Amino acid sequence: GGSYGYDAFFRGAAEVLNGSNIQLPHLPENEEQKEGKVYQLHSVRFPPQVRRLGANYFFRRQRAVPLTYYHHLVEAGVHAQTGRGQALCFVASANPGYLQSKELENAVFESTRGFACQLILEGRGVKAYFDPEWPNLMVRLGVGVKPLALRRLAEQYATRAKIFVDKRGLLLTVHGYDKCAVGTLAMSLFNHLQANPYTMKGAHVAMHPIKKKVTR
Amino acid sequence: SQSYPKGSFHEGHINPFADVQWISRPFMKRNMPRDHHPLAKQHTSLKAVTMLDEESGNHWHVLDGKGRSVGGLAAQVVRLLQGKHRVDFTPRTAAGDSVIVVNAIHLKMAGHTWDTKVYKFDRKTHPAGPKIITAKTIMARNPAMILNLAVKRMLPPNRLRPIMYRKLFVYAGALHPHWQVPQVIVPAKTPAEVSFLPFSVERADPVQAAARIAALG
Amino acid sequence: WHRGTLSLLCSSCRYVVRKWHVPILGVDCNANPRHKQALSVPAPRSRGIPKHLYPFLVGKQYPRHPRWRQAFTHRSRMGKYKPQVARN
Amino acid sequence: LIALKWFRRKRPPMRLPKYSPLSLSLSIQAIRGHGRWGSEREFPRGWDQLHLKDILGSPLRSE
Amino acid sequence: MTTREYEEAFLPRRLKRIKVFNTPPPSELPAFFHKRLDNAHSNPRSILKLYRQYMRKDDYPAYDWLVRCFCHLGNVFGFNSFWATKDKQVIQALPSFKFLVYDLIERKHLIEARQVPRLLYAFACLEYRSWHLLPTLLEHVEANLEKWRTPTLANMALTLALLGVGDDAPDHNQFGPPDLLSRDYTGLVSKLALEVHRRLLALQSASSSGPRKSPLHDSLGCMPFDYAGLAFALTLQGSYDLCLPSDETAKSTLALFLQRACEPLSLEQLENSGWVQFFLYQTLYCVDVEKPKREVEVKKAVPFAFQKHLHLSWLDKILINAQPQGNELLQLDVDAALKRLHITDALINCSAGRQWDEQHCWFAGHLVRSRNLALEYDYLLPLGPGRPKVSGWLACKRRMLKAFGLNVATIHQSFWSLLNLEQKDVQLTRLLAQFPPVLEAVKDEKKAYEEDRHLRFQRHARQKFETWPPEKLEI
RNA sequence: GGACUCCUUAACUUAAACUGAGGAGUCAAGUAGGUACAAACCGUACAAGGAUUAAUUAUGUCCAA
RNA sequence: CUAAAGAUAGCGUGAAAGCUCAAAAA
RNA sequence: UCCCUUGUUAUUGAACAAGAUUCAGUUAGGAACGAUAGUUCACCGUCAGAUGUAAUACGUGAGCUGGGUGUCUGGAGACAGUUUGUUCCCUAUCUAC
RNA sequence: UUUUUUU
RNA sequence: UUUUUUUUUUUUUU
RNA sequence: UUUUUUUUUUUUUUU
């Protein structure tokens, strides 16, 4: 507010100017983007699903530069497609960054295919079987240990996401339409299905294995 | 039971690089005041209404404190209560007029005040010390108190304070239980007519319209 | 690993904020859990100097009242020593 | 009624507009002949500056 | 040393500060400001600040300086610029701009003949229309009809066609209040279009080309862009069968303009011509749609190779670089009203066309399929107090929509601005009442697993312990 | 054979309201005003006396005022 | 495809293997 | 965040059991004796109540005292008990011709 | 009764 | 942004 | 970016 600190008063805050230029995490940003840049208007043709976004995202949202939008609507072997005879949307702007937002792709994927995730199971005696029918999920965490009833999660997330298990019962697949929901569900599952670093009996998200450890 | 309460910052972004790092509300998102979906009729607020009376000499001022600041409102109220706005003001006596406040629940507070504010109540020779009550409790139990205390602490510290205080009326709700006093909020009225049409309708060929409808069908 | 400051020690560290009792910054590392840092034990703050006192703190501070009695005194200005004054 | 002057709504006028650094940067780029269509210097595009200057500076003919 | 604060701490707070630098003031305000104007050519704020300073310093600034400042402000918002229409509307909504135009109107009688083309070009650029000066400018234009050059004539015709003034419709070219109307200016652009054709016909007898500025420049100093602009201006008003009475062979003007706008160019140069592509394609599409008497003679002007090239690469850059960019206040207001009225079938910026059409050249503002209606928005200043008019761009759009068979409803800003939220909703409901739904609606909701609809989830459910030994762990 | 503060400076733990020097103000022997609450700081056209009057000062101008 | 690639900056193993970064291309 | 009881589940050279550092609450229930009198400390023996810190004028002397490295019968504050009531002691006497 | 962002 | 939230996380960069 | 400071007697931060 209106009070000088001792560091900034006496010392003058000289610490900030006492750092070394070595042992850095990342290299310095190259100062190449100097005066002499020429901007151009880029345009991209997106599927007709983005129409669900509406005007509240393309016009109401404030931005540094204008963000136009148009909808080319057309009345309705080998899939021989061309640039004519089909509907689409034109999105044009001067900033390429605005033409790469994840929301635009989500608007299409959510209403077309959705999202999915997978969990891998490992360990001796670790099996994920099925009850008579859905929704009733039970997972056995080793030999001699009682199974885990996972019906709560499925009831919570009913109609938003679904869980599938292979014949073997070593893979837990999750399929949904909601990114957030899917992720939440996956992480919820993994929270109680997490594997032990020593015995290595549990579950793990793909492309993120756990490192083994040994006692000294 | 065994952990700290869930604050308002738990349900939103944190921006240390700004004045308002996180928004604070008296209640959760899922707990905010709301209106019943079936409106039996629409209502409109009159902002403020005033009643004079020459015979009895008691004047009334009904205000609508909907989306207003507590401090400002309190400040304004103080003036009226004191009666300083009149020419014939006597500090010895209470020259003010009765004030009615509604929609107290709808008040606002800037900054991190909803989650970092408390109220102390003194105790005569108590070892525990003064009783401390959080503002969320007061909002939950009796919203009117929020304004009441601000006004009270604003009023001069004299023997007249109680008197001035008594004349103050604050309600959480829209309407008031009073009999002989107009309402700030009244049923809506029909909009006024316009002497001009801002549209230019031009129909197309019926044959082409029918052909297009058949094609679309 | 509570620390009084934060630094980027890994190749993929990210400065995040944790929803603890209070808003607290921190550093999370994926390749090494030991590098997880949480700034929650800082040094006590000092009492700052008001701004309005700045004018009378820095720079050459001249005396408030000047000295003139030593350079003002004279015999002619005193009735006890005036008669002794001689201009011839 | 005058007493309750504080409750009145007000809206001052807009003295001047506000623009972003990129918004202002694009203006000089367009003026220099680098509009959205292309490079006017490289090829004479529609609504160019040089042609407009001549035609609007010498519209009348010589007697 | 000593600090300024220290020194100041012993002096009156209201004491004035000495001046370090002093120079003589500017004796001549007009000459002082003329040199300053030379540096401001891209920043609208600089121009506005300079005008404000001059207005504060003098009550009756130089008319030439005022005209130059107005032209400078108009030039910034060019067609090739990246500025949006919202930036023009907010600029028009400023008090200083109103004061500048009022100052021009006060001494409008000091307008020179050579300053009319620049004023019209600035009007076209800023999309601002006035009934206070345009009637006077048209008088000078018509008086000096027999003295303007061909490129100026073409540019004036294009600008007036864009502004929607000078059309052939009767009793639709009058300005001023209803009780005080100015002269009728019906069929104004046709005179320029016939003058250029008459000059072209006479040029053949002389055959004296002489020196040329550039290969693309014609004998008369014309340009293919100017010829394409003339053709587009004619197409906008729909005067396809315009012909010169003096011509014994009865040759259409549009075909001649198209031929002269295409002979100089080649296939390689067409890809970089720019606006010529859009003008040619739009003119050809409109001619094909309306099928005028001169369809055969008009379609033969453009070479087949050029037509194929324009048809193939059209939906990539041509269709997107020749349309408005940015937001729109009037569009947003009606969109909010439609959303309030529970209208989820309206499509913003939607195109339409015939059944056997693979490319659309128009985009309606708010199109609804259930009711088969199109909503158009007009924001130009009306001709007078209660006599609005549709812009030239929307004039041809309405004809195309009528041909396609879609009902059109236009909303005027002058009358829409005079309403509140309640009134606007009332009027919009009344307008919609006249077009009841015909076709079924289309939804684009979220996809979900409907199969699991019968499931129920209990939150506040306590964990059961029937028996000691648990057979299964219940999370 | 003096109490606080301003500049210089001896001693001390660059400590302490200490111990002791050079030259200006105040209190001592000064009223009322400001600084939230108890001489020393700011201001004073500074208290013979009486009355229902006008002023650029330290300094203030959301409420207690 | 062309171009470029430290005697080797950060992981890893039991002596190894393996990955990534710099440079280059786009 | 104070000796024990809480934070299922990633800070650990943490296999289990038994352990070490750090942090968090809406501040919940608990923690036994003796001998020698070297003004208190390392240590010694028992029940294992299970490694058991400071401030408050030595907290506390108009409440009590002991082998040395005085007395005072409570007037006002505070604290702990208690209080019939409009009347049931007395008195309370318009207007004006 | 907020200001600034050269060409 | 979702009651996801004792030291555990997802989505979107507002 | 600025108006809002030890305003640290209380309320209030109404920008």
# chains A, B, ... in the order shown; residues from 1 in each chain; ligands from 1
>>> residues_around(residues="segment 17-32 of chain D", least_positions_apart="2", cutoff="7 Å", atoms="only C-alpha atoms (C1' of nucleotides)", output="list in words")
residues 64 and 65 of chain A; 34 and 35 of chain D; 42, 80, 81 and 82 of chain E; 5 of chain I
>>> write_last_selection(atoms="N, CA and C atoms (P, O5', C5', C4', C3', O3' and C1' of nucleotides)", output="PDB file, in the first residue's frame")
ATOM      1  N   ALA A  64      -8.861  -9.424 -28.747  1.00  0.00           N
ATOM      2  CA  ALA A  64      -8.000  -8.340 -29.207  1.00  0.00           C
ATOM      3  C   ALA A  64      -8.348  -7.927 -30.632  1.00  0.00           C
ATOM      4  N   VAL A  65      -8.607  -8.898 -31.502  1.00  0.00           N
ATOM      5  CA  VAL A  65      -8.909  -8.626 -32.907  1.00  0.00           C
ATOM      6  C   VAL A  65     -10.268  -9.224 -33.254  1.00  0.00           C
TER       7      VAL A  65
ATOM      8  N   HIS D  34      -0.618  -3.415 -47.322  1.00  0.00           N
ATOM      9  CA  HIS D  34      -0.528  -4.822 -46.946  1.00  0.00           C
ATOM     10  C   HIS D  34      -1.886  -5.234 -46.370  1.00  0.00           C
ATOM     11  N   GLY D  35      -2.954  -4.850 -47.064  1.00  0.00           N
ATOM     12  CA  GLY D  35      -4.299  -5.155 -46.625  1.00  0.00           C
ATOM     13  C   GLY D  35      -4.562  -6.647 -46.597  1.00  0.00           C
TER      14      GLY D  35
ATOM     15  N   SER E  42      -2.823   7.132 -39.580  1.00  0.00           N
ATOM     16  CA  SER E  42      -3.266   5.780 -39.264  1.00  0.00           C
ATOM     17  C   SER E  42      -3.980   5.724 -37.920  1.00  0.00           C
ATOM     18  N   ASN E  80     -10.008  -2.318 -47.637  1.00  0.00           N
ATOM     19  CA  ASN E  80      -8.952  -3.309 -47.485  1.00  0.00           C
ATOM     20  C   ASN E  80      -8.411  -3.387 -46.064  1.00  0.00           C
ATOM     21  N   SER E  81      -8.870  -2.520 -45.168  1.00  0.00           N
ATOM     22  CA  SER E  81      -8.415  -2.524 -43.787  1.00  0.00           C
ATOM     23  C   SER E  81      -9.095  -3.640 -43.001  1.00  0.00           C
ATOM     24  N   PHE E  82      -8.544  -3.923 -41.823  1.00  0.00           N
ATOM     25  CA  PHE E  82      -9.056  -4.965 -40.944  1.00  0.00           C
ATOM     26  C   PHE E  82     -10.082  -4.442 -39.944  1.00  0.00           C
TER      27      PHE E  82
ATOM     28  P     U I   5      -1.030   7.935 -25.992  1.00  0.00           P
ATOM     29  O5'   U I   5      -0.710   6.402 -26.293  1.00  0.00           O
ATOM     30  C5'   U I   5       0.605   5.888 -26.141  1.00  0.00           C
ATOM     31  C4'   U I   5       0.656   4.406 -26.423  1.00  0.00           C
ATOM     32  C3'   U I   5       0.135   3.971 -27.785  1.00  0.00           C
ATOM     33  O3'   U I   5       1.090   4.140 -28.819  1.00  0.00           O
ATOM     34  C1'   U I   5      -0.792   2.586 -26.111  1.00  0.00           C
TER      35        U I   5
END
>>> residues_around(residues="residue 47 of chain H", least_positions_apart="6", cutoff="12 Å", atoms="only C-alpha atoms (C1' of nucleotides)", output="VMD selection string")
chain H and resid 32 to 34
>>> select_by_dssp(residues="chain A", states="alpha helix (DSSP H)", output="NGL selection string")
:A and (6 or 55-58 or 102-112 or 151-156 or 179-192)
>>> write_last_selection(atoms="N, CA, C and O atoms", output="compact mmCIF listing (two decimals), in the first residue's frame")
# COMPACT_ATOMS: atom_id res chain seq x y z
N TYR A 6 11.69 -3.08 4.29
CA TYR A 6 13.09 -2.92 4.66
C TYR A 6 14.01 -3.26 3.50
O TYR A 6 14.97 -2.53 3.24
N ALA A 55 -23.73 -17.48 -30.93
CA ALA A 55 -23.11 -16.16 -30.97
C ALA A 55 -22.40 -15.80 -29.67
O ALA A 55 -21.46 -14.99 -29.71
N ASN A 56 -22.82 -16.36 -28.54
CA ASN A 56 -22.25 -16.00 -27.25
C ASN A 56 -20.75 -16.28 -27.17
O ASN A 56 -20.07 -15.69 -26.32
N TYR A 57 -20.23 -17.17 -28.01
CA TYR A 57 -18.81 -17.50 -28.01
C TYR A 57 -18.02 -16.80 -29.11
O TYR A 57 -16.83 -16.57 -28.93
N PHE A 58 -18.66 -16.46 -30.22
CA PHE A 58 -17.97 -15.86 -31.35
C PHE A 58 -18.03 -14.34 -31.37
O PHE A 58 -17.12 -13.70 -31.90
N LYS A 102 -9.41 -25.29 -28.08
CA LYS A 102 -9.92 -26.63 -27.85
C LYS A 102 -11.44 -26.68 -27.79
O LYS A 102 -12.02 -27.75 -28.03
N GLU A 103 -12.09 -25.56 -27.48
CA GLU A 103 -13.55 -25.55 -27.40
C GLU A 103 -14.19 -25.83 -28.75
O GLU A 103 -15.22 -26.51 -28.82
N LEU A 104 -13.61 -25.31 -29.84
CA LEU A 104 -14.17 -25.55 -31.16
C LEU A 104 -14.16 -27.03 -31.51
O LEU A 104 -15.15 -27.56 -32.03
N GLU A 105 -13.05 -27.72 -31.22
CA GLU A 105 -12.97 -29.15 -31.48
C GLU A 105 -13.84 -29.95 -30.53
O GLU A 105 -14.39 -30.99 -30.92
N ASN A 106 -13.97 -29.50 -29.27
CA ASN A 106 -14.86 -30.17 -28.33
C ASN A 106 -16.31 -30.09 -28.79
O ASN A 106 -17.05 -31.07 -28.67
N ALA A 107 -16.73 -28.94 -29.31
CA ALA A 107 -18.10 -28.79 -29.78
C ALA A 107 -18.45 -29.84 -30.82
O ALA A 107 -19.61 -30.26 -30.92
N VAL A 108 -17.47 -30.28 -31.61
CA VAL A 108 -17.72 -31.30 -32.62
C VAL A 108 -17.61 -32.70 -32.03
O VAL A 108 -18.49 -33.54 -32.23
N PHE A 109 -16.53 -32.97 -31.29
CA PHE A 109 -16.31 -34.31 -30.75
C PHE A 109 -17.39 -34.73 -29.77
O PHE A 109 -17.82 -35.89 -29.80
N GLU A 110 -17.85 -33.82 -28.91
CA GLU A 110 -18.86 -34.16 -27.92
C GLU A 110 -20.14 -34.69 -28.57
O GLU A 110 -20.75 -35.63 -28.06
N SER A 111 -20.56 -34.09 -29.68
CA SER A 111 -21.82 -34.43 -30.33
C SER A 111 -21.60 -35.41 -31.48
O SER A 111 -22.56 -35.87 -32.11
N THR A 112 -20.35 -35.76 -31.77
CA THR A 112 -20.09 -36.73 -32.83
C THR A 112 -19.63 -38.08 -32.27
O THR A 112 -20.28 -39.10 -32.51
N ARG A 151 -20.30 -49.96 -7.91
CA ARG A 151 -21.62 -49.58 -8.41
C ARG A 151 -21.95 -48.12 -8.18
O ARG A 151 -22.68 -47.52 -8.96
N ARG A 152 -21.43 -47.50 -7.14
CA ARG A 152 -21.64 -46.15 -6.77
C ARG A 152 -21.23 -45.19 -7.85
O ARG A 152 -21.98 -44.28 -8.23
N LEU A 153 -20.06 -45.32 -8.38
CA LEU A 153 -19.51 -44.56 -9.43
C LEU A 153 -20.34 -44.63 -10.69
O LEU A 153 -20.65 -43.62 -11.33
N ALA A 154 -20.69 -45.85 -11.08
CA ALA A 154 -21.51 -46.06 -12.27
C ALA A 154 -22.89 -45.42 -12.11
O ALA A 154 -23.37 -44.77 -13.03
N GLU A 155 -23.52 -45.55 -10.94
CA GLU A 155 -24.80 -44.89 -10.70
C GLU A 155 -24.68 -43.37 -10.73
O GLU A 155 -25.54 -42.70 -11.28
N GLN A 156 -23.62 -42.80 -10.20
CA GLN A 156 -23.32 -41.42 -10.20
C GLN A 156 -23.21 -40.86 -11.59
O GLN A 156 -23.77 -39.82 -11.95
N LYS A 179 -15.94 -34.56 -21.39
CA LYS A 179 -14.56 -34.58 -21.08
C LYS A 179 -14.30 -34.60 -19.60
O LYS A 179 -13.57 -35.46 -19.07
N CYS A 180 -14.84 -33.68 -18.87
CA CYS A 180 -14.74 -33.52 -17.48
C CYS A 180 -15.22 -34.74 -16.73
O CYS A 180 -14.56 -35.27 -15.84
N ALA A 181 -16.37 -35.24 -17.05
CA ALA A 181 -16.98 -36.39 -16.51
C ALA A 181 -16.13 -37.61 -16.68
O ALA A 181 -15.88 -38.39 -15.75
N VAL A 182 -15.65 -37.86 -17.86
CA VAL A 182 -14.80 -38.92 -18.23
C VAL A 182 -13.54 -38.92 -17.41
O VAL A 182 -13.14 -39.92 -16.80
N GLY A 183 -12.85 -37.83 -17.35
CA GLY A 183 -11.71 -37.68 -16.60
C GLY A 183 -11.84 -37.88 -15.15
O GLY A 183 -11.06 -38.59 -14.50
N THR A 184 -12.85 -37.32 -14.55
CA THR A 184 -13.22 -37.46 -13.20
C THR A 184 -13.47 -38.89 -12.83
O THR A 184 -13.01 -39.40 -11.81
N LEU A 185 -14.22 -39.61 -13.61
CA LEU A 185 -14.53 -40.98 -13.46
C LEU A 185 -13.29 -41.84 -13.48
O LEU A 185 -13.08 -42.71 -12.63
N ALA A 186 -12.44 -41.66 -14.44
CA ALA A 186 -11.21 -42.33 -14.60
C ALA A 186 -10.32 -42.17 -13.39
O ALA A 186 -9.79 -43.13 -12.83
N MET A 187 -10.15 -40.92 -12.97
CA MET A 187 -9.32 -40.64 -11.80
C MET A 187 -9.93 -41.19 -10.52
O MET A 187 -9.20 -41.66 -9.65
N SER A 188 -11.21 -41.18 -10.34
CA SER A 188 -11.92 -41.75 -9.27
C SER A 188 -11.65 -43.23 -9.14
O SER A 188 -11.35 -43.76 -8.07
N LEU A 189 -11.76 -43.96 -10.21
CA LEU A 189 -11.44 -45.33 -10.32
C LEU A 189 -10.01 -45.60 -9.93
O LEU A 189 -9.70 -46.45 -9.08
N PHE A 190 -9.10 -44.86 -10.56
CA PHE A 190 -7.67 -45.05 -10.31
C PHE A 190 -7.29 -44.72 -8.87
O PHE A 190 -6.31 -45.27 -8.36
N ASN A 191 -8.05 -43.85 -8.20
CA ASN A 191 -7.72 -43.50 -6.82
C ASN A 191 -7.70 -44.73 -5.93
O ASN A 191 -6.78 -44.92 -5.13
N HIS A 192 -8.73 -45.58 -6.05
CA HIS A 192 -8.80 -46.78 -5.23
C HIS A 192 -8.22 -48.01 -5.92
O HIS A 192 -8.00 -49.03 -5.26
>>> interface_residues(of="chain C", to="chain B", cutoff="8 Å", atoms="only C-alpha atoms", output="number ranges by chain")
C: 17, 19, 21
>>> write_last_selection(atoms="C-alpha atoms", output="CSV table (one decimal), in the first residue's frame")
chain,number,residue,atom,x,y,z
C,17,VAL,CA,-1.5,-23.1,-6.5
C,19,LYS,CA,-6.4,-25.1,-2.4
C,21,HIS,CA,-6.7,-23.7,4.2
>>> interface_residues(of="chain K", to="chain B", cutoff="10 Å", atoms="only C-alpha atoms (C1' of nucleotides)", output="list in words")
residues 10, 11, 12, 13 and 14 of chain K
>>> write_last_selection(atoms="C-alpha atoms (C1' of nucleotides)", output="PDB file, in the first residue's frame")
ATOM      1  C1'   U K  10     -14.789   3.080  14.944  1.00  0.00           C
ATOM      2  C1'   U K  11     -18.106   2.102  10.346  1.00  0.00           C
ATOM      3  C1'   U K  12     -17.006   1.768   5.213  1.00  0.00           C
ATOM      4  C1'   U K  13     -14.170   0.729   0.603  1.00  0.00           C
ATOM      5  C1'   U K  14     -19.934   2.427  -1.671  1.00  0.00           C
TER       6        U K  14
END
>>> closest_atom_pairs(of="chain C", to="chain J", cutoff="12 Å", atoms="only C-alpha atoms (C1' of nucleotides)", output="CSV")
residue,atom,partner,partner_atom,distance
C:1,CA,J:7,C1',10.9
C:2,CA,J:7,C1',11.4
C:18,CA,J:7,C1',10.0
C:19,CA,J:5,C1',8.3
C:20,CA,J:7,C1',8.9
C:21,CA,J:6,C1',10.2
C:36,CA,J:7,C1',11.2
C:37,CA,J:7,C1',11.8
C:38,CA,J:7,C1',10.3
>>> closest_residue(among="A:16, A:158, A:38, A:74", to="chain D", atoms="only C-alpha atoms")
A:38
>>> residues_around(residues="residue 86 of chain C", least_positions_apart="5", cutoff="12 Å", atoms="only C-alpha atoms (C1' of nucleotides)", output="list in words")
residues 75, 76 and 81 of chain C
>>> write_last_selection(atoms="C-alpha atoms", output="CSV table (one decimal), in the first residue's frame")
chain,number,residue,atom,x,y,z
C,75,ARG,CA,27.8,46.9,21.5
C,76,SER,CA,25.6,49.7,19.9
C,81,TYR,CA,28.2,49.2,26.3
>>> residues_around(residues="residue 194 of chain B", least_positions_apart="5", cutoff="12 Å", atoms="only C-alpha atoms (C1' of nucleotides)", output="PDB file with N, CA, C and O atoms, in the first residue's frame")
ATOM      1  N   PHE E 415     -36.128   3.294 -35.842  1.00  0.00           N
ATOM      2  CA  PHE E 415     -37.319   2.993 -35.059  1.00  0.00           C
ATOM      3  C   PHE E 415     -37.063   1.962 -33.970  1.00  0.00           C
ATOM      4  O   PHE E 415     -37.788   1.939 -32.968  1.00  0.00           O
ATOM      5  N   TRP E 416     -36.050   1.109 -34.138  1.00  0.00           N
ATOM      6  CA  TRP E 416     -35.761   0.101 -33.122  1.00  0.00           C
ATOM      7  C   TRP E 416     -35.122   0.717 -31.884  1.00  0.00           C
ATOM      8  O   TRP E 416     -35.334   0.225 -30.770  1.00  0.00           O
ATOM      9  N   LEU E 418     -35.851   3.472 -30.424  1.00  0.00           N
ATOM     10  CA  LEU E 418     -36.895   4.161 -29.762  1.00  0.00           C
ATOM     11  C   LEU E 418     -37.772   3.292 -28.897  1.00  0.00           C
ATOM     12  O   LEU E 418     -38.920   3.664 -28.613  1.00  0.00           O
ATOM     13  N   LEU E 419     -37.361   2.139 -28.488  1.00  0.00           N
ATOM     14  CA  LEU E 419     -38.021   1.134 -27.752  1.00  0.00           C
ATOM     15  C   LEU E 419     -37.231   0.642 -26.569  1.00  0.00           C
ATOM     16  O   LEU E 419     -36.003   0.772 -26.550  1.00  0.00           O
ATOM     17  N   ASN E 420     -37.837   0.052 -25.598  1.00  0.00           N
ATOM     18  CA  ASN E 420     -37.347  -0.581 -24.435  1.00  0.00           C
ATOM     19  C   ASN E 420     -37.363  -2.084 -24.567  1.00  0.00           C
ATOM     20  O   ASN E 420     -37.800  -2.618 -25.589  1.00  0.00           O
ATOM     21  N   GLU E 422     -39.295  -4.336 -23.059  1.00  0.00           N
ATOM     22  CA  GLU E 422     -40.649  -4.745 -23.111  1.00  0.00           C
ATOM     23  C   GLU E 422     -41.265  -4.530 -24.470  1.00  0.00           C
ATOM     24  O   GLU E 422     -41.866  -5.429 -25.075  1.00  0.00           O
ATOM     25  N   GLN E 423     -41.170  -3.357 -25.004  1.00  0.00           N
ATOM     26  CA  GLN E 423     -41.634  -2.948 -26.271  1.00  0.00           C
ATOM     27  C   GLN E 423     -41.021  -3.739 -27.394  1.00  0.00           C
ATOM     28  O   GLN E 423     -41.698  -4.162 -28.337  1.00  0.00           O
ATOM     29  N   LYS E 424     -39.703  -3.935 -27.315  1.00  0.00           N
ATOM     30  CA  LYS E 424     -39.017  -4.733 -28.324  1.00  0.00           C
ATOM     31  C   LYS E 424     -39.554  -6.157 -28.347  1.00  0.00           C
ATOM     32  O   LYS E 424     -39.812  -6.715 -29.421  1.00  0.00           O
ATOM     33  N   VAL E 426     -42.533  -7.237 -27.355  1.00  0.00           N
ATOM     34  CA  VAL E 426     -43.874  -7.153 -27.830  1.00  0.00           C
ATOM     35  C   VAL E 426     -43.909  -7.073 -29.340  1.00  0.00           C
ATOM     36  O   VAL E 426     -44.630  -7.808 -30.027  1.00  0.00           O
ATOM     37  N   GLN E 427     -43.116  -6.150 -29.889  1.00  0.00           N
ATOM     38  CA  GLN E 427     -43.094  -5.955 -31.333  1.00  0.00           C
ATOM     39  C   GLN E 427     -42.551  -7.185 -32.051  1.00  0.00           C
ATOM     40  O   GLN E 427     -43.069  -7.573 -33.104  1.00  0.00           O
TER      41      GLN E 427
END
>>> atom_distance(atom1="atom CA of residue 125 of chain A", atom2="atom CA of residue 139 of chain A")
10.8 Å
>>> residues_around(residues="residue 40 of chain E", least_positions_apart="3", cutoff="12 Å", atoms="only C-alpha atoms (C1' of nucleotides)", output="list in words")
residues 27, 28 and 31 of chain D; 33, 34, 35, 36, 37, 43, 44, 45, 46, 47, 48, 49, 50, 51, 68, 69, 72, 73, 75 and 76 of chain E; 6 and 7 of chain I
>>> interface_residues(of="chain H", to="chain B", cutoff="8 Å", atoms="only C-alpha atoms (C1' of nucleotides)", output="list in words")
residues 6, 25 and 26 of chain H
>>> write_last_selection(atoms="N, CA and C atoms (P, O5', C5', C4', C3', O3' and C1' of nucleotides)", output="PDB file, in the first residue's frame")
ATOM      1  P     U H   6      -4.760 -42.054  16.045  1.00  0.00           P
ATOM      2  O5'   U H   6      -5.575 -40.892  15.323  1.00  0.00           O
ATOM      3  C5'   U H   6      -6.972 -41.019  15.097  1.00  0.00           C
ATOM      4  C4'   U H   6      -7.479 -39.946  14.165  1.00  0.00           C
ATOM      5  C3'   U H   6      -6.693 -39.759  12.878  1.00  0.00           C
ATOM      6  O3'   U H   6      -7.037 -40.707  11.881  1.00  0.00           O
ATOM      7  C1'   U H   6      -7.124 -37.650  13.863  1.00  0.00           C
ATOM      8  P     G H  25      -5.500 -24.711  10.761  1.00  0.00           P
ATOM      9  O5'   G H  25      -6.659 -25.721  11.173  1.00  0.00           O
ATOM     10  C5'   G H  25      -7.622 -26.168  10.301  1.00  0.00           C
ATOM     11  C4'   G H  25      -8.732 -26.852  10.916  1.00  0.00           C
ATOM     12  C3'   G H  25      -9.661 -26.082  11.782  1.00  0.00           C
ATOM     13  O3'   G H  25     -10.583 -25.255  11.135  1.00  0.00           O
ATOM     14  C1'   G H  25      -9.063 -28.049  12.845  1.00  0.00           C
ATOM     15  P     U H  26     -11.159 -23.915  11.808  1.00  0.00           P
ATOM     16  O5'   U H  26     -12.382 -24.425  12.693  1.00  0.00           O
ATOM     17  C5'   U H  26     -13.115 -23.610  13.529  1.00  0.00           C
ATOM     18  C4'   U H  26     -14.109 -24.288  14.325  1.00  0.00           C
ATOM     19  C3'   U H  26     -13.697 -25.540  15.017  1.00  0.00           C
ATOM     20  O3'   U H  26     -14.266 -25.710  16.291  1.00  0.00           O
ATOM     21  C1'   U H  26     -15.410 -26.014  13.550  1.00  0.00           C
TER      22        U H  26
END
>>> closest_residue(among="E:317, E:88, E:14, E:354", to="residue 36 of chain D", atoms="only C-alpha atoms")
E:317
>>> atom_distance(atom1="atom CA of residue 147 of chain E", atom2="atom CA of residue 60 of chain D")
6.0 Å
>>> closest_residue(among="E:299, E:371, E:107, E:118", to="chain D", atoms="only C-alpha atoms")
E:118
>>> closest_atom_pairs(of="chain G", to="chain A", cutoff="12 Å", atoms="only C-alpha atoms (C1' of nucleotides)", output="JSON lines")
{"residue": "G:9", "atom": "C1'", "partner": "A:23", "partner_atom": "CA", "distance": 10.6}
{"residue": "G:10", "atom": "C1'", "partner": "A:25", "partner_atom": "CA", "distance": 9.9}
{"residue": "G:21", "atom": "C1'", "partner": "A:26", "partner_atom": "CA", "distance": 10.5}
{"residue": "G:22", "atom": "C1'", "partner": "A:27", "partner_atom": "CA", "distance": 10.1}
